[PDB]
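A short write-up of the structure that comes next.
There are 2 protein chains.
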Amino acid sequence: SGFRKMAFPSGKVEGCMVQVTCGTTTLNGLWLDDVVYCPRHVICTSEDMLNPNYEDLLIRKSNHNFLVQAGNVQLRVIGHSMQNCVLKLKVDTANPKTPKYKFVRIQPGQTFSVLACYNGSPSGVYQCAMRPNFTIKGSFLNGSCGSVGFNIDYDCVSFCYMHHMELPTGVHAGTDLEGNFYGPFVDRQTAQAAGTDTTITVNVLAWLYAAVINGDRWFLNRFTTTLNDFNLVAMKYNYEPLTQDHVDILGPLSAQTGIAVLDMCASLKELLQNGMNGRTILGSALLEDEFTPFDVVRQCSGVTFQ
Amino acid sequence: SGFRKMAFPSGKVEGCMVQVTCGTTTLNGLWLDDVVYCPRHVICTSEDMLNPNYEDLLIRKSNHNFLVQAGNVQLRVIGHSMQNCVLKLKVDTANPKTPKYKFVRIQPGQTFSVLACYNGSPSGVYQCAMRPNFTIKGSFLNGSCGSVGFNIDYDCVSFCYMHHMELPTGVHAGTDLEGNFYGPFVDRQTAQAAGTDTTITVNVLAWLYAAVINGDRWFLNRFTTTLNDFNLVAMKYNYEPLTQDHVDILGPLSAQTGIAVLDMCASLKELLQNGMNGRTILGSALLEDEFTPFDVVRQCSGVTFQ
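Protein sequences appear in the order of chains A and A'. A prime marks a further copy of an entry chain.
Take 1 as the starting number for the first sequence in PDB author numbering and just add one per residue.
Take 1 as the starting number for the second sequence in PDB author numbering and just add one per residue.
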């Protein structure tokens with residue numbers, strides 16, 4: 001019956017994108033209630049991006065030096081201000097297509113959908129993970145700053161990401177929706193380091209369960225092993241250690257399939273020490289870590305949706 | 001700046017899904033104007049699916065034996081009828097969220113987005129290819145029949161697929177929107193054959209161009225070769241032959257990157273005869289054929305969207 005990397009429907013979010021402009025720079029903004037969210041470097045030129053003094057740069061604009069635009073319609077300004085690395089504009093219309101929504105600060109290894117936008121218009125949507133080094137491997141061209149990430153919650157859009165930076169190494173960086181960067185980075189054109197990205201072990205395991213459920217099941221073997229024994233090897237291959245909170249949330253798949261977490265680890269242990277590069281699981285010739293246990297459970301069951 | 005498998009925004013389509021029911025069976029339907037589209041086997045039980053006489057089964061229902069439902073709201077019936085393997089219900093409301101749209105019959109190797117739905121509600125969206133054997137490798141659980149595929153066109157939704165069948169081999173089958181199956185299949189629970197799925201050669205090539213543009217560029221080499229020379233090998237590895245229409249549409253990428261189609265073929269020729277299984281391109285440890293040349297051109301350029 002199959003297993004696809006899929007994203008959440010993006011309807012609820014498309015009606016919230018707008019374009020923000022501040023005499024020259026245009027990027028994307030998130031229009032909820034009577035408030036537009038957007039990255040604060042929209043008040044910078046390209047020169048200014050070497051070292052922005054955001055204090056001094058913002059103190060010069062004003063509630064008209066900012067060009068918000070939702071559909072036909074310009075909107076009008078009423079209040080501006082900076083919440084960490086986001087600006088929060090005030091404007092003269094509560095947004096009717098505003099949905100039930102939260103903001104939250106997700107953690108490394110959780111997944112979400114990105115709605116890539118250009119000049120306030122949607123381009124596409126894809127499902128990505130937040131790397132353990134708090135970057136994402138996204139797909140963004142210039143102008144896409146302000147595109148948002150959203151996981152879901154359940155009928156209630158949980159905004160988790162705003163895109164700000166492409167690093168000079170190729171990877172992508174951004175904030176949560178009240179402006180707090182994920183990871184060390186700053187909004188400043190500099191060669192800054194992420195360093196070591198690890199493979200998300202709990203996600204690889206959930207994906208192995210998804211494989212068994214469909215029946216790419218060749219990779220299994222009856223070795224057993226301990227946490228301790230498995231976590232030793234995982235550190236050799238830069239896989240995240242797997243603690244007891246991970247074993248627990250895999251329990252549901254443990255039960256539906258008949259396979260203890262620690263037995264699945266053993267077959268993965270061995271996929272790692274060799275890489276039986278004969279074959280394929282769910283097609284992929286590499287081990288997948290962008291599905292969480294919750295994702296597999298939805299793509300299997302809990303989403304024959306209402 | 002990166003390269004993701006991404007789907008089109010699904011906003012325009014979500015507002016067109018409804019649930020169709022005919023005393024028991026519920027599947028998904030496409031509600032445009034004052035017409036609902038849905039698979040015709042919604043008038044079958046599970047027993048009946050062995051050998052349905054659609055003639056005789058339809059002649060028994062009627063414009064009330066059918067339970068359409070869009071949001072709150074039931075709708076009312078007015079006319080029913082069967083267009084090949086789809087039913088086209090009449091009902092008492094033109095659908096306001098109906099968008100500009102066409103139907104067309106796409107060809108093997110073209111790509112589109114699927115909006116997987118359950119009981120008329122959206123579950124997710126993903127970007128898949130139509131295999132040369134006119135199947136798709138989708139992700140569908142029971143109830144998802146009537147989920148639609150749509151490529152786009154340009155601001156105008158082009159509906160290209162309706163899901164009908166999971167084959168007893170795992171792959172998926174369906175029709176265009178005026179009811180014509182893609183491939184040989186019939187809407188009838190039987191062990192029926194697709195046979196040989198080939199790799200879509202023009203798509204692999206466009207993906208190799210996408211790789212160079214980002215700069216996973218190791219796989220290139222200065223062998224040259226002829227069409228003839230390349231197509232000989234491709235048939236050894238069940239890759240589709242590549243004719244002159246394919247060389248042409250690759251021309252745009254040929255130009256932006258500095259690499260003739262036939263030179264790129266040569267590096268692929270050799271990826272094929274060995275599989276330099278050392279490495280990775282765009283991450284993938286296998287050759288990708290679910291991006292078309294148009295997709296790469298959009299994911300690179302023509303979609304800094306308006």
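Ideal Cβ positions, reconstructed from N, Cα and C, are used throughout, including at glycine.
Check	Outcome
Closest by C-alpha distance to A:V114, when choosing among A:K88, A:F8, A:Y101, A:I59	A:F8
Cutoff 8 Å: A':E288 Cβ touching any chain A Cβ	no
A':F140 at chain A interface by Cβ criterion, 8 Å	yes
Segment limits, alpha helix (DSSP H) that includes A':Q127	A':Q127 -> not in any alpha helix (DSSP H); beta strand (DSSP E) instead, spanning 121-129.
Three-state secondary structure assigned by DSSP to A:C117	strand
Chain B within 8 Å of A:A116, Cβ atoms only	Chain labels in this structure do not include chain B; the protein chains are A and A'.
Residues sharing a beta bridge with A:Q19, DSSP	A:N28, A:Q69
Reduced DSSP secondary structure (H/G/I, E/B, other) of A':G251	helix
Helix, strand or coil at A:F150 according to DSSP, with G and I counted as helix	strand
Run of the alpha helix (DSSP H) containing A:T175, from where it starts to where it stops	Run containing A:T175: none in the alpha helix (DSSP H); it sits in the beta strand (DSSP E), 172-175.
N-terminal and C-terminal residue of the alpha helix (DSSP H) that A':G11 is part of	11-14
Runs of beta strand (DSSP E) wholly within the segment 50-104 of chain A (minimum 3 residues, chain order)	67-69, 77-79, 86-91, 101-103
DSSP state of A':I200 mapped onto helix, strand, coil	coil
Range covered by the beta strand (DSSP E) that runs through A:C38	35-39
Pairwise C-alpha distance: A:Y118 and A':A193	44 Å
Contact belief for A':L27 with A':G146 at Cβ below 8 Å, rounded distance in angstroms	5 Å
Spatial distance of A:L287 from A:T199 (CA atoms)	9 Å
Chain-ordered chain A contacts of A':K5 [CB-CB under 8 Å]	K5, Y126
Per-residue contacts from A':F181 into chain A (C-beta, under 8 Å)	None at all; the shortest Cβ gap to chain A is about 19 Å.
Endpoints, beta strand (DSSP E) assigned at A':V157	157-166
Distance CB(A:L208)-CB(A:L141) smaller than 8 Å	no
Members of the segment 260-285 of chain A that neighbour chain A' once the beta carbon cut-off is set at 8 Å	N277, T280, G283, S284, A285
Close-in-space but distant-in-sequence residues of the same chain around A:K12 (CB under 7 Å, 5 per side omitted)	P99, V157
Coil, strand or helix - A':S301 by DSSP	helix
Same chain, Cβ closer than 6 Å to A:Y182, neighbours up to 5 away in sequence not counted	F134
Exposure label - A:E240; buried when at least 16 CB within 10 Å	buried
Nearest-angstrom beta carbon gap, A':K88 and A':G15 [assumed within contact, 8 Å]	With 8 Å as the limit, A':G15 and A':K88 do not qualify as a contact, their Cβ atoms being about 19 Å apart.
Proximity below 8 Å, CB of A':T292 to CB of A':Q110	yes
Cβ-Cβ separation, A':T93 to A':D34 (assumed contact under 8 Å), whole Å	6 Å
Test: A:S1 CB closer than 8 Å to a CB of chain A'	yes
Cβ of A:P293 within 8 Å of any chain A' Cβ	no
Residue span of the alpha helix (DSSP H) that contains A':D229, given as start and end	227-236
A:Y209 - DSSP class collapsed to helix/strand/coil	helix
Presumed contact (8 Å Cβ cut-off) between A':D176 and A':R105, rounded CB distance	5 Å
Own chain, CB closer than 7 Å to A':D295, minus 5 neighbours either side, in chain order	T111
CB contact check: A':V148 to chain A, cutoff 8 Å	no
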